[PDB]
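Okay, structure first, notes after.
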Amino acid sequence: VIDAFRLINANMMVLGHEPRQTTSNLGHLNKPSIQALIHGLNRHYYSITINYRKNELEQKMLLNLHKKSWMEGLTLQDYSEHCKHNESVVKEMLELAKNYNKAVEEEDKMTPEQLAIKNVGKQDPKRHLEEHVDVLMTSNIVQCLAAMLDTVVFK
Amino acid sequence: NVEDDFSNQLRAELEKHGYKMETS
Amino acid sequence: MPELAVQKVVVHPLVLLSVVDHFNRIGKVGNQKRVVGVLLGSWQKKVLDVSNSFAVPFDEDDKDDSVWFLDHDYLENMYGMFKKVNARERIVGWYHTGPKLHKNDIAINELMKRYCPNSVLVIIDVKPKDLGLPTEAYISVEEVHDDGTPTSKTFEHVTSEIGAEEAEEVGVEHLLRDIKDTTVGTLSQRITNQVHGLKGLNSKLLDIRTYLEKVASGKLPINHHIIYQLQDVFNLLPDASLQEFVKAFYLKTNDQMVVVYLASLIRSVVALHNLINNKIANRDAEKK
Amino acid sequence: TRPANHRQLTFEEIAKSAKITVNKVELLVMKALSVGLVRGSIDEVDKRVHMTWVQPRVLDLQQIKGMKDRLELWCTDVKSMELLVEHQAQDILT
Amino acid sequence: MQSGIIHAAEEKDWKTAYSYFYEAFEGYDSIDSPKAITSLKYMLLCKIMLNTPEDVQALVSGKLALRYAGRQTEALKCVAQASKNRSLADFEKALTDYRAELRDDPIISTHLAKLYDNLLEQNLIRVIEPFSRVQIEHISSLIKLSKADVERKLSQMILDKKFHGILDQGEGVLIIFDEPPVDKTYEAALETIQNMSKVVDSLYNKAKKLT
Amino acid sequence: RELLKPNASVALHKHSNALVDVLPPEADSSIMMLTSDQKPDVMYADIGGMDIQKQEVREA
Amino acid sequence: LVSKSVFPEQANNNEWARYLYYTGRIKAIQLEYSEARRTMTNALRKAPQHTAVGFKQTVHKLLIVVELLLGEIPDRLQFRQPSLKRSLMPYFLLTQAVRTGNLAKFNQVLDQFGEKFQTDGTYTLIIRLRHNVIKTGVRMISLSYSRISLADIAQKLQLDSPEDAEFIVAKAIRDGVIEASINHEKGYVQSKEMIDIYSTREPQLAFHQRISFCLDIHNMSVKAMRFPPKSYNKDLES
Amino acid sequence: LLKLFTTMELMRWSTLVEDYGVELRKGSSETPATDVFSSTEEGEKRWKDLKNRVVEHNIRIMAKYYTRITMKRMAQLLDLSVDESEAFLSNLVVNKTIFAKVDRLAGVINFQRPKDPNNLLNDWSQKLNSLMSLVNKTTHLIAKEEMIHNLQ
């Protein structure tokens, strides 16, 4: 958030120089350093609206990381390593499983402190299991898809 | 056949005696 | 002076953005002519981190690669003002406005050496091309062929990536009416990158293909090095495709359902009998 | 000549294009991988020669022609397969 | 020192024997006696029992161990080297002449015995490893043990899964099975089922009340 | 409140004193695991004796 | 009637179990043993309910006869443990008959039993059941051995004579689930199985069925999970 | 002598011992005992040992090049009999020479690991990466030739 201000003094304000400055802008409240900042903020212009001049051509240059996504999106490691990934997660999930089993009886409850005893809210099994499942899922499919697609075009 | 264990007690005894006399 | 001193080009979104702006402003020097301008950033190092770029006056005549005007004064002054502000800031190289690679750039590269050691050719196009960035990084490489003169001066592409400072990145988001299309992150992005690769792969095969027909009849000049490398792709022919599978997710969803359903099922039994009494309550509560 | 999407040639032709003593054949065959004329392996339990790479043909109009057709066949594979996979996981894209 | 002699031989802790011998050394250091030299020897004995005589051969030399007294240092050097050569001939020849010394100290006699049967296994594993469908007769030549004696030894070794083969008695060859081909994904698939199974079983019993 | 709940270091913002973030316990431990940069001058070459004491300390 | 086919998920748990059983009968006589087995098994499983209890005993009667014809064996032990035990009791004799490999015991028992089935219209199947015991029998012998003599198979399976035994073993073989060849003039059966899943792609195939089935669960789960809590907030949340 | 050994071309013992024996024996040097190790009067005693070494080199280079080999073909390449070749192999692995799965029945010998899906995968993954890299680099090189100065 960028704002532009001008600074006047108190004497000027009572004459009525101060209100002119404030007119014709949309406000917005901030407080990054307590009420003293806010008092100065109102006195100035009070968060002046900033818009940006752009056209579609400039935007597109900013969107893409690089040209190389074209190669890279396709690029796979080694199969052995992919197979290892699958194996590592499974083992991890297996541990969490015991903790899920007690939990399922409730674990829809508010407050993490209360949940800690009841449904094993200390190292939450729902969360651990959901993270393990998301990472495993996207990687395995993309790595299979890439290698298999490349093979049919090349061979 | 519900459990093999009752039948097996007779089998092992019987089978050894016959087999031994003949071949072994 | 070294040409060889690049193998990685990391460019800020600022320099990439800067060229687009210089085209219009400069008075539309470009089109048949060219605008090349200095790149400010780190130099005298392997990885090039380009902080910024600005336009330099250039009139290009392409066809005859021996005629050009480049502003001699511009590089010197511009380097000194910037240095004080940040001392990493030096002359990294120059941008070329494409449309793609040329031989005309070879002639241009030699003069840049006297001023500052650089010869890096970054081709930053103002015209949208590629599904990704229309930016290429080129490092001048010397290779022998046996079709034409021995020892040719040519360009081998060297990997281009991107950077951005932390404030600057949040700034990139602020201008956009989106965040980004890809980042290769979670479930959703990761697939978008795969289909982007696939389209990007199809575009690549066509450049090479169209070119071979032209060699076959209606002659274009060829190099021994490019022709060999293409043959190799056929020869390398993959072997066999195996492995990779999941199914894990269904348990996660299934366990989740019974936990949320626990509350629902209980609400179901109470709610049904309550349904006629609720009408008197609802009315009352609603009345005031 | 025979490989270009095939990869085997028989061991047997080499000896018929050698015409010299048997012990000398192993040397010749192995000497070729080493200098950089060819890459690959030799399998003598099938008595066939498998080549991973076969050296590109030194400049000719013919060399350019062989490449173009094969590559065009491949070009058609990318486009088709790309569109196919895009329909499904339409939801995942967003 | 005496307590250590027991520890290694009877209590089967090679580890303890060694530590006890360090304590003994400490006690000796305040004076000097021929008993100090013996504790150094006896450390050496644990490694043999442990089934690593080869390690003894590295440590012992004419510069370090031979300088200190006893028959026992020369006796240790020859069994360790005989084992290093990997032959039953060099190993039996050392044992036989040394056997009289072996008796005097109870620790030598026992430690060598366990190593003796073992010595045979070590010669076989070595030969067998970069060979597949190799005869008992060929391997038996290197070990310098009979074809028949080897047949028996292979049988035992196959049960341990120290090389994973099957002995073909119909042709008199040891055929050893392919190097582990099991992909990581496949090993993971059994594991996947354990995680899911534990969850569904536990859930399904409470779930029963709904209908 | 998981590994926050028992006594641990936490990150606070200075000018407000608010609890912004959590830190693990390992972070901001006063001195590092010592006797690997400030090791003593002494061994069991200074004491060979008090045998009974030596036996006891090593086991305990 | 069956050709109209409509059956929504918002249908009651008893109407589903009834529906699966009825289809299961129609299939089994047409000679779709394979399809019939599947629908009937689903029916026992899907409704544990309380109105189901009464129906479940009927499901167990059919369950044992169809599954045995298809070529798989279950244990008498499985059946006995639930408290619907009372209806499984004649059934324990049949399960054992197929499993031991005892053609003669299995058919005779079933012929007399055929009366009960007639009310259902299952009775036409009882005739075909004579074959399945011999088939189940051959299956254990084929997988186990390499070449085993014709006399050995005849004694264990309880085949009528050695002459009956060659012909019958052959008929099983044609289908391909046994996967053997029988030498009539040499009197041994040979196993064409030299089976293993130690291969290239083959374990994935095994994994694939499990993975396919999971998807049907995943979608059904996701769709269903959100719809009841959002409704209660919408109307009466209790 | 140097040129041959440095090349990963194989030898035969008969030729190697025969032609080199006279030539190499003559050689001498200052600070060694005489010269010693395939040379002089002393160096000859050493020569006997070389026999193992020419065969050793041969199997080390053969293992890569001939991934699969018959016992007879191997034996021929090595210039030994079958019996010499199989005994030697056991010692060789200890000294630091490749893995093998040599046969006594003169069947398949895999100097590579014996059939695994992992083996097929490793080559495949390597091969896949190479195809992708080369098509991209060439595209960038291709443009220059097309445009020229500016005249296509």
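Treating only the Cβ of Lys, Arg, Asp and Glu as charged (+1, +1, -1, -1), what charge dipole size does the stretch C:1-145 show about its Cα centre? Round to the nearest 20 debye.
Numbers: 18 positive and 20 negative charges, 109 e Å.
That gives the stretch C:1-145 a dipole magnitude of about 520 debye.
Phi-derived couplings, Karplus 6.51 cos²θ - 1.76 cosθ + 1.60 at θ = phi - 60°, listed residue by residue for the stretch D:56-70: x, 8, 4, 2, 7, 5, 4, 5, 5, 5, x, 5, 4, 5, 5 Hz, with x used for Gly and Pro. Label sites at C:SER203 and G:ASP196, each approximated as a point 7 angstrom past Cα along Cα to Cβ, lie 4.9 nm apart. The trypsin sites (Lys or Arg not before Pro) of the stretch G:185-215 that meet both conditions, a loop assignment by DSSP and at most 14 other Cβ atoms within 10 Å of the site Cβ, are G:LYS186, G:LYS192, G:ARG201.
At q = 0.20, 0.23, 0.28 Å⁻¹, what is the log10 ratio I(q)/I(0) for the stretch A:1-62, with the Debye formula run over Cα points and no solvent? The computed values of log10 I(q)/I(0) come out as -0.80, -0.96, -1.23.
May I ask you to derive the FRET efficiency for B:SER7 and E:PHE163 from their Cβ-Cβ distance with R0 = 35 Å, giving the value to the nearest 0.05?
Values: r = 39 Å, r/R0 = 1.12.
Once the sixth-power term is evaluated, E becomes 0.35.
Per the Debye calculation on chain G with a single equal scatterer at every Cα and no solvent contribution, log₁₀ I(q)/I(0) for q = 0.13 Å⁻¹ amounts to -0.96.
Using only alpha carbon pairs under 8 Å that are at least six residues apart, calculate the relative contact order of the stretch H:1-150 and give it in whole percent.
On the way: 122 pairs, mean separation 27.0, N = 150.
Once normalised by length, the contact order is 18 percent.
For chain A, the relative contact order works out to 19 percent when only alpha carbon pairs closer than 8 Å and six or more residues apart are counted.
For the stretch D:27-94, the dipole from Cβ point charges (+1 on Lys and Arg, -1 on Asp and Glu) about the Cα centre works out to 540 debye, to the nearest 20. Remark: A:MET148, G:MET89 ranked as G:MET89, A:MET148, counting other beta-carbon atoms within 10 Å and listing the fewest first. Viscosity 1.567 mPa s, temperature 4 °C: what is the translational diffusion coefficient of chain F from Stokes-Einstein with a Kirkwood Rh over Cα pairs, rounded to a whole number of µm²/s? My calculation gives 80 µm²/s for D.
Kirkwood hydrodynamic radius of the stretch G:158-234 from all distinct Cα pairs, in Å?
Values: mean 1/r = 0.0568 Å⁻¹.
Radius from the Kirkwood sum: 17.6 Å.
Rg to Rh for the stretch G:102-145: what is it, with Cα atoms only and Rh by Kirkwood?
On the way: Rg = 12.8 Å, Rh = 11.4 Å.
Here the Rg-to-Rh quotient is 1.12.
Considering only Cα atoms, the convex hull volume of chain E works out to 220 Å³ per residue. Relative to its Kirkwood radius, the Cα radius of gyration of the stretch C:1-142 gives an Rg/Rh of 0.92. Among the listed pairs E:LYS162/H:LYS64; A:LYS155/D:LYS79; E:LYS208/G:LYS56, a Cα-Cα separation exceeding 23 Å is found for E:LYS162/H:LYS64.
Proximity of backbone amide H atoms, modeled 1.01 Å from N, is registered between G:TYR188 and G:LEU150, G:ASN183 at under 5 Å, excluding neighbours fewer than 5 places apart on the same chain. Expressed as a whole percent, the proportion of Cα-Cα pairs in the stretch H:80-152 lying more than 15 Å apart is 74%.
All Cα-Cα distances of the stretch E:131-211, cut into 5 Å bins from zero to the largest, leave 3, 12, 16, 14, 8, 6, 7, 7, 7, 6, 5, 4, 3, 1, 1 percent in each bin in turn.
Here the residues C:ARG34, G:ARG174, ranked from fewest to most Cβ neighbours within 10 Å of their Cβ, fall in the order G:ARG174, C:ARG34.
Calculate the tail of P(r) for the stretch G:1-96: the fraction of all Cα-Cα distances greater than 21 Å, expressed in %. Walk me through the numbers before you get to the answer.
On the way: 1534 of 4560 pairs.
The calculated P(r) of the stretch G:1-96 puts 34 percent of pairs beyond 21 Å.
Would you calculate the volume per residue, in Å³, of the smallest convex hull containing every Cα atom of chain A? Each step should come with its number before you reach the end.
On the way: hull volume 37.5 nm³, N = 155.
That works out to 242 Å³ per residue.
Based on the Cα coordinates of the stretch G:54-142, what is the per residue volume of their convex hull in Å³? Present the calculation step by step, with values, prior to reporting the outcome.
Numbers: hull volume 7.5 nm³, N = 89.
Measuring per residue, one finds 85 Å³ for the Cα hull of the stretch G:54-142.
Placing unit charges on the Cβ atoms only, positive for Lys and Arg and negative for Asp and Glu, gives the protein assembly as shown a dipole magnitude near 3280 debye about its Cα centre.
Would you work out which of E:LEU167, E:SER19, E:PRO181 lies farthest towards the positive end of the dipole of chain E, given +1 charges on the beta-carbon of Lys and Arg and -1 on that of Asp and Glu, about the Cα centre? Towards the positive end, the residue furthest out is E:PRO181.
Compactness of the stretch H:18-130, taken as the C-alpha radius of gyration over 2.2 N^0.38 Å, stands at 1.42.
Principal-axis analysis of the Cα atoms of chain G puts helix G:33-46 at an angle of about 40° to the longest axis.
Estimated translational diffusion coefficient (Stokes-Einstein, Kirkwood radius over Cα pairs, 25 °C, 0.890 mPa s) of the stretch C:74-213: 132 µm² per second. Backbone geometry of the stretch H:106-112 corresponds, through the Karplus equation with coefficients 6.51, -1.76 and 1.60 at θ = phi - 60°, to 3J(HN,Hα) couplings of 6, x, 7, 10, 10, 7, 7 Hz, x marking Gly and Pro.
What range in chain D is the longest one free of trypsin sites (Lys or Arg not before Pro) that are in a loop by DSSP and have at most 15 other Cβ atoms within 10 angstrom? Could you put the intermediate results ahead of the total?
On the way: sites that count: D:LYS16, D:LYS19, D:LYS47, D:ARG57.
In short, D:58-94.
Computed from backbone phi, the HN-Hα couplings of the stretch C:171-177 come to x, 5, 5, 4, 5, 6, 9 Hz, rounded to whole numbers (Karplus: 6.51 cos²θ - 1.76 cosθ + 1.60, θ = phi - 60°; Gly and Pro given as x).
If you look at the Cα atoms of chain D, you get an Rg and a Dmax of 20.4, 69 Å.
Between amide H atoms placed 1.01 Å from N, distances below 5 Å from E:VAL173 occur with E:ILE136, E:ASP168, all of them 5 or more places distant or on a separate chain. Restricting the trypsin sites (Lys or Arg not before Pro) of the stretch E:115-211 to loop positions (DSSP other than H, G, I, E, B) with no more than 15 neighbouring Cβ atoms within 10 Å leaves E:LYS144, E:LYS161, E:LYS162. When the alpha-carbon atoms of the stretch H:1-78 are used, the pair Rg, Dmax equals 14.6, 47 angstrom.
Using the scaling law 2.2 N^0.38 Å as the reference, what is the normalised Cα Rg of the stretch E:70-121? Don't jump to the answer; show the numbers that get you there.
Numbers: Rg = 10.2 Å, N = 52, 2.2 N^0.38 = 9.9 Å.
Working it through for the stretch E:70-121, the quotient is 1.03.
Candidates A:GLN143, A:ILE2, A:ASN42 compared by Cα position along the dipole of chain A: farthest toward the positive end lies A:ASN42, with charges placed on Cβ. Between helix C:187-216 and chain C there is an angle of about 30 degrees, using the helix long axis and the longest principal axis of the Cα atoms.
Loop-located trypsin sites (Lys or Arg not before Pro) across the stretch A:1-92 with a Cβ neighbour count of 13 or fewer within 10 Å are A:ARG6, A:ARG53, A:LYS54, with loop assigned by DSSP. Along chain E, counting only GluC sites (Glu not before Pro) with a DSSP assignment other than H, G, I, E or B and at most 13 other Cβ atoms inside a 10 Å radius, the longest segment between sites is E:12-170. Annotation: amide H of H:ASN110 within the under-5 Å range of H:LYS101, sequence separation 5 or more or interchain, hydrogens built in the peptide plane.
Annotation: average projected area of the protein assembly as shown is 81.3 square nanometres, based on the convex hull of Cα atoms across all directions.
Only Cα pairs under 8 Å and 6+ residues apart enter the sum, and on that basis the relative contact order of the stretch G:89-134 stands at 47 percent. For the stretch E:30-88, the calculated P(r), taken from all Cα-Cα distances in 10 Å bins from zero up to the bin holding the longest distance, is 23, 54, 20, 4, 0 percent. Beyond 21 Å in Cα-Cα separation lie the following of the pairs D:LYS47/H:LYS96; A:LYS67/H:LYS137; A:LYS68/C:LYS199: D:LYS47/H:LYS96.
Relative to the compact-globule estimate of 2.2 N^0.38 Å, the Cα radius of gyration of the stretch C:24-91 comes out at 1.26.
Calculation over all alpha carbon pairs of the stretch E:18-139 in 10 angstrom steps from 0 returns a P(r) of 12, 40, 29, 13, 5, 1, 0 percent. The residue among F:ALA8, H:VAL22, F:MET32 whose Cα reaches farthest toward the positive pole of the charge dipole of the protein assembly as shown, with charges on the beta-carbon of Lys, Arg, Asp and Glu, is F:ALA8.
Counted over all Cα-Cα pairs of chain C, pairs farther apart than 33 Å make up 45 percent.
Bear in mind these aren't lab numbers, they're just calculated from the coordinates by the rules spelled out. A quick note on method: Cβ atoms are made from the backbone with ideal geometry, for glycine too, and the neighbour counts reach across all protein chains shown.
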